[PDB]
Amino acid sequence: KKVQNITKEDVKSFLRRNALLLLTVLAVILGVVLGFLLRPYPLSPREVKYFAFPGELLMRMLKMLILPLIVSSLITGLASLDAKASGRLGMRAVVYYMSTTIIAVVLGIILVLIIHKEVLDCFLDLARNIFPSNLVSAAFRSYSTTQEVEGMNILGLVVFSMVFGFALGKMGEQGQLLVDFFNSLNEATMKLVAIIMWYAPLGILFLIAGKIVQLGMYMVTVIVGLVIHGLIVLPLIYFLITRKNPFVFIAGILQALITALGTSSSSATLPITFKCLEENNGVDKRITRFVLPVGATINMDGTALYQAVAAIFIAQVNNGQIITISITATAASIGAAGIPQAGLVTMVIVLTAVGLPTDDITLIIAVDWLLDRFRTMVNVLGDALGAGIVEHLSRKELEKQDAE
Amino acid sequence: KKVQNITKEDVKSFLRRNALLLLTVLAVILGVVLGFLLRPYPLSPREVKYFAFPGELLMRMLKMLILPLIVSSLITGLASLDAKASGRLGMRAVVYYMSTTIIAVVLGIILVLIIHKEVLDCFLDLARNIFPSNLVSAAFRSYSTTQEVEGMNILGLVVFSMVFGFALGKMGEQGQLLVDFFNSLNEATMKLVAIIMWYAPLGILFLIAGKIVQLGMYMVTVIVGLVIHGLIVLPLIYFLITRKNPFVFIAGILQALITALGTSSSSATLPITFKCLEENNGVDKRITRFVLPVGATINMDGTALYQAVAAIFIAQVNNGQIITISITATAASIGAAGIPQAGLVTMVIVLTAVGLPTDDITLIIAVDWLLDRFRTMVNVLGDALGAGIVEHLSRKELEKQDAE
Amino acid sequence: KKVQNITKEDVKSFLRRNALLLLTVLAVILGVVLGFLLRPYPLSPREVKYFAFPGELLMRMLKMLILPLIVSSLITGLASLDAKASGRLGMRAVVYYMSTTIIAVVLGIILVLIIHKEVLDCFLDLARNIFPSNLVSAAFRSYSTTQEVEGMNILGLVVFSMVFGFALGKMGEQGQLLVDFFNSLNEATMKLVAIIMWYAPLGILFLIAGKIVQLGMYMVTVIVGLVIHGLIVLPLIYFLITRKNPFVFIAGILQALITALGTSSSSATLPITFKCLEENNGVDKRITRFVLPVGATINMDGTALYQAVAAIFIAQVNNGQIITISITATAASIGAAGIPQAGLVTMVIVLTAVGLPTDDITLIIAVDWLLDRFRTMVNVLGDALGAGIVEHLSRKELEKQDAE
Ligand SMILES: COc1ccc([C@@H]2C(C#N)=C(N)OC3=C2C(=O)C[C@@H](c2cccc4ccccc24)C3)cc1
Ligand SMILES: COc1ccc([C@@H]2C(C#N)=C(N)OC3=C2C(=O)C[C@@H](c2cccc4ccccc24)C3)cc1
Ligand SMILES: COc1ccc([C@@H]2C(C#N)=C(N)OC3=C2C(=O)C[C@@H](c2cccc4ccccc24)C3)cc1
Ligand SMILES: N[C@@H](CC(=O)O)C(=O)O
Ligand SMILES: N[C@@H](CC(=O)O)C(=O)O
Ligand SMILES: N[C@@H](CC(=O)O)C(=O)O
Ligand SMILES: [Ba+2]
Ligand SMILES: [Ba+2]
Ligand SMILES: [Ba+2]
Ligand code: NA
Ligand code: NA
Ligand code: NA
Ligand code: NA
Ligand code: NA
Ligand code: NA
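In the order they appear, the protein sequences are chains A, B and C. Count the first sequence with our numbering and you get residues 1 to 404, in order. Count the second sequence with our numbering and you get residues 1001 to 1404, in order. Count the third sequence with our numbering and you get residues 2001 to 2404, in order.
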C-alpha cells in the first residue's frame, strides 16, 4: 500500500469534492495556530467573548435547529414503524447502547488500574424531566430542584415525541395528515442545516481559538483510553455485524466528528450528524430518525470511560467497591446531557457512591474542556455506527415498508 | 331491591370489566391507610416530597396534556358548529352555568344560617388574562400585577381557541385543513390519556397519602352542604331535563371524580373527564369539546358553596349585605382557576365586599386541602352533567351536521 | 375646487361607509379633550394605569396577533416566489429601504442646521438576535447581554420565517402541505384583526388620554421635519414610480396611521396595516406578506430623521463628523425595534460615535412620547407606500404566478 500511495494520482478531484471537509480540517489547524499566537492575554474575559463570538453564532444556529429536528424525527420515525417492529428496533438499540456503555467503563477501569441539593434529588429531577409538566416550557426549560432552570428539556421532548409518533401510528388514516406534516418539517429543517454547514469552518476556528485562551498524566490516560475504544474497539463491532469497512463509514461522518471537537455538544452536532449519515453514508431516514436522537442524550461511551478514569484518579491522590463505579458511571452516562461540561456535573453521583468527596471535582475542571471535546466525538461516533448496525440488523422490517 | 341483592350473581364479570375503576377505589382505601400508618412524622418536608413523588409524577403527566387538549378541543368544536348554532349551544351552557352557580350559593348561605396588591387589581388581571399579549407565553405563564407569574393561562387559551375555531368555521374549504389538523391532535392527545389512565392508581395512592402527612363544625357544614347539592340537587336537574337515570351517568365519570379527590385540579382531571364522557357515557365529541373546557375554569358549583359558607363562618367568630355575598361568591367562582387551593386565594374578594378582614383566611387554610378535594368533585360533576344536558337539548343541531 | 366643495352633495354616504374611520378620528379628538379635562392629577401613577387600561387591553390584543402574522406571512410569501424572483423583489425592497432612510437623515440634518454594557455589545446583541438559539424562546424573549430580556424577538422570527419559506419553495410538492398550512393560519389571524378593528376607537381614546396625563423649539423642528418628509417627499416618490395618486392611497391606510399615533409601535399596528393595504388599497397578498413585516423592524424613516435632529440638538447646548451622524442614524434606524420609546434607547450609539455624552438623553425623554407617536406614523407610511411601489415594479413576476 505504501508503494501504491507514491503514484500522486487524482489530487485535484479530492480537493473539489471534499472542499468543505478539508476547510473544517484547515479550520482546526488555523484555530490552534491563531489561538496560541494570541495566547498572551492582555484582554479581560469580556474581550475573550468578543474574540470567540464567530464561534458563538454557529452555536446559536445549531441550538436553534435541534428542537424542530428532535420533535419531527421521532414523531415520523415511530409512525413509519409498526407496534412490534418499533419494539424490535428498540430492543436492538437498547442492547447496543447498554453493551457499548458497559464495555467502555470496563476499558476505562482497566486502563486506570494499569497506569497510575442531594444525590437522590439528581435522580428525581431526571424522572421529573422524563415527564414534563408543560411541553411549551420543555422546549426551552429543564427542571432543577432548589426550580425550573434555563435550557431545553431534550429528554422530555424525545420521550413525548416517541409516544406521540406511536399514537399516530395506531391512528392510521386520520393520523396520516400529522405524520405528513412532521415529515415536511423534518426535511425543511434538514435543508436548513445544509446552509449552516458552510458557516461551520468560520465558526469552528474561533470556537476552539477562544477555548485555548499528576493531572497531565491523567489527561493522557483518558485521551489514550478513548483512542483504543473509538478507533480499535468500536470499528471492530461494526465489522463483526455489518461485515463492511468501518473506517470508510467513519470518513462519511468526519464533518460530524470535527464539529463535535468544536461544540462539545452531542445535541448541537446532532443536526450535522443527521446530514452526514443520510447523505454520505446513505443510511435510511426511518432508522436515523430513530437511533440518532435517542443516542444523543443516552449513548455516551466517551463519558462512561471518562467517569471511570476521573473517579479512580481522585482515589489515587486520596489513597467490591469497583463494581459500584462501573454501575454508577454507566448510570451517569445515560443520565448526563449532550451539552458541554455535563461530564463533571454528573460526576457528583459517581464520587458519592464510593464515599469519595465531591469537592475533588475542582481539581479536574481546569483540563476538562479538552477531554470534553474528545469524549463528545466518541458519543457522536457511537450513534453514527449505532444507526448503521441497527439498519443492517433490521433490513427485513425496512423491506416490508417499501412494498406500499 | 334488598332481597334482589342477596342473589350473589355475576361477581367475576364486574371485577374483569371495572378492573381499573376498582383499583382507583382500592388506591383511595390504601392511600388513607398507608398515610395514617406513616403519620408519626420524624421526616422533614423535603422527605414528605420524596414520599408523595409517585403522585407528583401523575400531576406532571396530566398538566402536560391539558394545553394540547384545551387548544385542539375548542378549535374543532367551534368549527364543527354553525355561527348561530354555536350561539344557541353557548346560551344553553351560559344559562346552565349561571343557574347551577347561583343555586349552589343559595344552598350554601341557607345551610350556614341554620348551622352555626388590591381587589380591583384582581379584576383587571382577569381582563388582562382573557386577552393574552403573547400566546406562546400564555401556554406556560399567567399575569399577576406587582408581573407575569408561572403557570398556564387556561382562560386566555380557551378565549383564543374559541374565536380561532369560529374564524376557521367562516373560512370553510381553506379552513378545513387546520380543522382536520386539530382534530388529529385532539384524538392523538386522547390516545395519550388512555396510557396515563393506568398510572393513575399508583399516583392517587401517594397523592392522598402525602397530603394526610369551631373549624371542625365548619368542615361538616361544607361537606354536608356539598352532598345535598351534588348527590340530591344536581342529579334531579339531569332527570328533569334528560328524563334519564343520573346515578348511572355519575358511575361512568367515577374515574374522573376519584381523580378529582386526588389532584384537586379541574384542569388536571379534565383529560380523564374527557375520556370518561366520550367512552362510558357515550357523549358526543362536538359537545364535550364545547362544554368541558369552558366549565373547567368557569362552572365551579363546589367553590361557590364553599365561598358562601367560609365567608359567613368568618363573620360568626367576628360577630341586605348577604345579597352581596351571593353576588361576589358567584363572581369569584367564575373567576377562580381549576387548580388546587384557588378557593381561598379568591376569598380575598368575597371578604372585602362585606367589610370582613382578609387576615381571617389564615384560620381556614389548615383544613382547606380536604374541602378542596371535595369541591373539585362538584366542579367536575357540574361539567359532566352539564355536557349531557346540553347534548339532550341540542340533538336537532347535531342531527343537521350528521347529514353530510 | 373650492367652488366645487360648497355643493354639499352625498354627506350621508360618507358617514355610512367610513363609520369606523370617522370613529377613530373622533376617538383622537375625544381622547385629547378627556385627557386635558382630567389633567389636574390628584391620582397616583397606579390610578393612571387604571385610567389608561381600556387602551392597555387593545395593546394586549394587537401584541397577541403579531407573532402568528409575522411567521405565517413570510413563510407563505417566500414560498409563493421563485429563487431568483424573491431576490429581485428583495433588491427592490432593500434599494427602497436604504434610499428612504438616507434621504430622511439628509432632510433631518439640513432642517437642524438651518433652525437652531457597551456600544459594541449593542451591535453583538443584534447579531445574536438575528440568529436565535431557541425559536420557542424567540417568540416571547429577546437577548440583552449583562441575559435574555422579556419581549418577542421580531427580527429572529422574520429572519427564520424568510429562510424557512424559501426552503419550502425548493421542496415543491412535499413542502406544499406546510405552505397551505401557513396560508390558512395567515387568513385565520387576518379574520381576527377585523374583530379587533371595532375595539380600536375605545382603545385609542384612553391610550392617548392616559399619555397626556429650548426643547420646545426642538419639538417643532422634528414635527415640521416629519411633515416635509411624510406629506411632501414620500408621496412624490410614489407618484414618480407608480404614476398614481398618493394621497388617495394614504387615505386607505388612515386607520393604520391613526392607530400608530396611539400605540407608537410599528409591530403592534402591523396587523391593522396588513388589513388596510389588502382591503382598501387592494394590494397583492404575495407582496404585503413580503414588504410589510421586514419594513416594520427595518424601514424607520421617522426614527432616522429623529436620530439626526436630537443628536445635533445635544451638540447645540454643549457647543467631517456630520457624515458619521448620517451613517450611525441610518445604522440605528435599521437596528431599532418597532416598539415605543425604542428611538431614545438606540440614541446611545449615535451620541457615542461623535463623542457627545450619553447622559444628555435624560433631557429629551420628557417630550419623546409625543414625537414617538409621530415618527411611528412615518415608519408605517414608509412600508405602506413601500409595498405599493414594489407591487408596481414587480407586476411581471406576479403575472407569471397567476398562470397556474
Ligand atoms: C428511555 O430511553 C430510551 C428511549 C427509546 C429507546 C428506543 C429507541 C432508540 N434508539 C427509539 N427510537 O424508540 C424506541 C426505543 C425503545 O426501546 C422502545 C420503542 C417502543 C416500541 C413500541 C411501542 C412504544 C410506545 C411508546 C414509546 C416507545 C415504544 C421506541 C431506548 C431508550
Ligand atoms: C366567557 O366565558 C365563556 C366562554 C364560552 C361560553 C360558551 C361555551 C361553553 N360552554 C363555548 N364552548 O363556546 C361558546 C360559548 C358562548 O357563550 C358563545 C359562543 C359563540 C357563539 C357564536 C360566535 C362566537 C364567536 C367567538 C366566540 C364565541 C362565540 C361560544 C360561555 C362562557
Ligand atoms: C436583513 O433584513 C432584510 C430582510 C429581508 C429583506 C428583503 C425582504 C423585504 N422587504 C423580504 N421579504 O425578503 C427578502 C429580502 C432580501 O433582500 C433577500 C430575499 C431572498 C432572496 C432569495 C433567497 C433568499 C433565501 C433566504 C432568505 C432570503 C432570500 C428575501 C431585506 C432586508
Ligand atoms: N460533552 C458530552 C457530554 C458530557 O459532557 O459528558 C456530549 O455532548 O456528548
Ligand atoms: N380546586 C378547585 C378550584 C378551587 O380551588 O376552588 C378545582 O380545581 O375545581
Ligand atoms: N416607535 C417607533 C420606533 C422608535 O421608537 O423609534 C416605531 O414603532 O416605529
Ligand atoms: Ba401508513
Ligand atoms: Ba365544513
Ligand atoms: Ba408551487
Ligand atoms: Na452505548
Ligand atoms: Na447522556
Ligand atoms: Na354553574
Ligand atoms: Na373557575
Ligand atoms: Na427606508
Ligand atoms: Na427598525
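Positions of the beta carbon are idealized from the N, C-alpha and C atoms, including for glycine.
| Asked | Found |
| --- | --- |
| In the DSSP output, what is residue 2143 of chain C paired with across the bridge? | C:2148 |
| Quick check on the burial criterion: 16 or more other C-beta atoms within 10 angstroms. Buried or exposed for residue 1052 of chain B? | buried |
| Does the Cβ of residue 2333 of chain C lie closer than 7 Å to at least one heavy atom of ligand 15? | yes |
| Just checking: is the beta-carbon of residue 2061 of chain C within a distance shorter than 8 Å of some beta-carbon in chain E? | The structure shown contains no chain E; its protein chains are A, B and C. |
| I'd like to know whether the C-beta of residue 428 of chain A is nearer than 8 Å to at least one C-beta of chain B. | The requested residue 428 of chain A does not occur in the structure, where chain A is confined to residues 1 to 404. |
| Could you say which of B:1374, B:1370 and B:1348 lies nearest to residue 1362 of chain B if we only look at CA atoms? | B:1348 |
| Output needed for residue 1312 of chain B: all residues of its chain with C-beta closer than 6 Å, excluding positions within five of it in sequence on either side, in chain order. | 1112 |
| Quick one: is the Cβ of residue 1097 of chain B within less than 7 Å of any heavy atom of ligand 12? | yes |
| Taking only heavy atoms of ligand 11 into account, decide whether any of them is closer than 7 Å to the Cβ of residue 2064 of chain C. | no |
| Please list the segments of the alpha helix (DSSP H) lying wholly inside the segment 242 to 288 of chain A, counting only runs of 4 or more residues, in order along the chain. | 246 to 252, 254 to 263 and 266 to 279 |
| Could you name the residues of chain B that residue 124 of chain A contacts, counting a contact when the two beta carbons are closer than 8 Å? | 1050 and 1053 |
| Please compile the residues from chain C whose C-beta is within a distance smaller than 8 Å of the C-beta of residue 64 of chain A. | 2131, 2132, 2133, 2134, 2135 and 2160 |
| How close, in whole Å, do the beta carbons of residue 2301 of chain C and residue 2378 of chain C come, if the pair is a contact with beta carbons under 8 Å? | 5 Å |
| Helix, strand or coil: which one does DSSP assign to residue 2137 of chain C? | helix |
| Does at least one heavy atom of ligand 10 sit under 7 Å from the Cβ of residue 101 of chain A? | yes |
| Residue 186 of chain A: beta carbon under 7 Å from a heavy atom of ligand 4? | no |
| Under three-state DSSP, which class holds residue 2397 of chain C? | helix |
| When you measure from the CB of residue 1298 of chain B to every non-hydrogen atom of ligand 13, does any distance come out below 7 Å? | yes |
| Starting from residue 2163 of chain C, trace the alpha helix (DSSP H) in both directions and tell me its first and last residue. | 2154 to 2171 |
| So residue 184 of chain A contacts chain C; which residues on that side make the cut at Cβ distance below 8 Å? | 2168, 2171, 2174, 2175, 2177 and 2178 |
| Identify, in the order they occur along the chain, each residue of the same chain with its Cβ nearer than 7 Å to the Cβ of residue 2232 of chain C, setting aside the five sequence neighbours on each side. | none |
| By Cβ distance, which residues of its chain are closer than 7 Å to residue 1076 of chain B, with the 5 residues on each side in sequence left out? | 1165, 1179, 1182, 1183, 1186 and 1289 |
| Quick check: the Cα distance between residue 2314 of chain C and residue 2104 of chain C, rounded to an integer number of angstroms? | 19 Å |
| Would you mind working out which of C:2032, C:2110, C:2275 and C:2291 sits nearest residue 2228 of chain C, comparing C-alpha positions? | C:2110 |
| Expressed to the nearest angstrom, what Euclidean distance is found between the alpha-carbon atoms of residue 2389 of chain C and residue 2198 of chain C? | 29 Å |
| Determine the burial state of residue 2173 of chain C: buried for a count of at least 16 other Cβ atoms within 10 Å of its Cβ, exposed for fewer. | exposed |
| Quick check on residue 1191 of chain B: does DSSP put it in helix, strand or coil? | helix |
| With a threshold of 8 Å between beta-carbons, can residue 164 of chain A be considered close to chain C, or not? | no |
| Taking 8 Å as the CB-CB cut-off, is residue 2083 of chain C touching chain A? | no |
| Quick check: what's the CA-CA separation for residue 1066 of chain B versus residue 126 of chain A? | 22 Å |
| Pairing CB atoms from the segment 1271 to 1287 of chain B with CB atoms from the segment 1033 to 1041 of chain B, are three or more of them under 8 Å? | no |
| If you pair each beta-carbon of the segment 2198 to 2212 of chain C with each one of the segment 2337 to 2352 of chain C, do three or more pairs fall below 8 Å? | no |
| Here's the rule: buried if 16 or more other CB atoms are within 10 angstroms of the residue's CB, otherwise exposed. What is residue 1009 of chain B? | exposed |
| Run the proximity test for residue 2338 of chain C: is its beta-carbon closer than 7 Å to any non-hydrogen atom belonging to ligand 15? | yes |
| Look at the alpha carbon of residue 2081 of chain C and the alpha carbon of residue 177 of chain A, and state the distance between them as a whole number of angstroms. | 25 Å |
| Where does residue 2084 of chain C land, buried or exposed, given buried means 16+ other C-beta within 10 angstroms? | exposed |
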